[PDB]
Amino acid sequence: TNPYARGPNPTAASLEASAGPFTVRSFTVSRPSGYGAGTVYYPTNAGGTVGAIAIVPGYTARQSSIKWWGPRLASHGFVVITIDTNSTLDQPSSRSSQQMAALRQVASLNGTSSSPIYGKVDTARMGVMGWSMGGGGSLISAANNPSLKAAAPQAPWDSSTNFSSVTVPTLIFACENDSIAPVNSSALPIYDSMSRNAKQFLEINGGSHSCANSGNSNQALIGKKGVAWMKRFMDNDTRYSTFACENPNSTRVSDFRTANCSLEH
């Protein structure tokens, strides 16, 4: 059997729900190591060690913009750290360094007997997410650390759109009407540059640049897809292959693309 499989068999309803099967607690990081601030969300009853995901905001933004992912993912069996950057005005490369520093510190806390996450993390299984420049930073993290198991940035931007070196399974959430990082000049060229990975592009119909942030009105679909992608690729959990790889065939999705996701016999 798959040693990383956690939780009950998924359904559309169970993945669209506000909360997954596991009870979630959280704590503030006392002394951030290489980033500004962090909140760690974790399941108290996942029944085995789980992977870790680090999530970074966009320019000027704070944990609030990305917070909803913490409980949503942790409740399905992940340790999730949402960060504030050293400065709200840090650029993508710095955001990537800080994201990886947050993953490092989650690994440290996994080995710290006083930590609520002591022994809860499989430090070999990690993922990266983030908004806008924090999404660009997630793609930089993946490019520089190919042992990461999944990436799922939202409304990404970087000074370069060429992420051809990314071999990590990558889901790009995009926002159709984004006027900050227009899809046609940012998210879509980024998607098209990646040639060696499992990848997906999911654009929310009518979405502004904040369409995947806390308080969005598509938490059922966006949360289903983010959880399914992380389950499929961080846990190798093929119970999630359809949810991860499918076109939702949704009137809420103005553009859907995927490649190298479904397995061919």
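The numbering used is simple: start at 1 and walk along the sequence shown.
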query: 74 to 82 versus 161 to 169 - which carries the larger mean C-alpha B factor in the record; finding: 161 to 169
query: Segment of higher mean CA temperature factor, 185 to 193 or 127 to 135; finding: 185 to 193
query: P153 by Cα B-factor - lowest, middle or highest third of the modelled chain; finding: lowest
query: Among modelled residues of the same chain, the CA temperature factor third for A46; finding: highest
query: Assigned third (lowest, middle, highest) for the C-alpha B factor of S141; finding: lowest
query: Third of the chain's Cα B-factor distribution that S97 belongs to, per the entry; finding: lowest
query: Ranked C-alpha temperature factor of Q200 among modelled chain residues, by third; finding: lowest
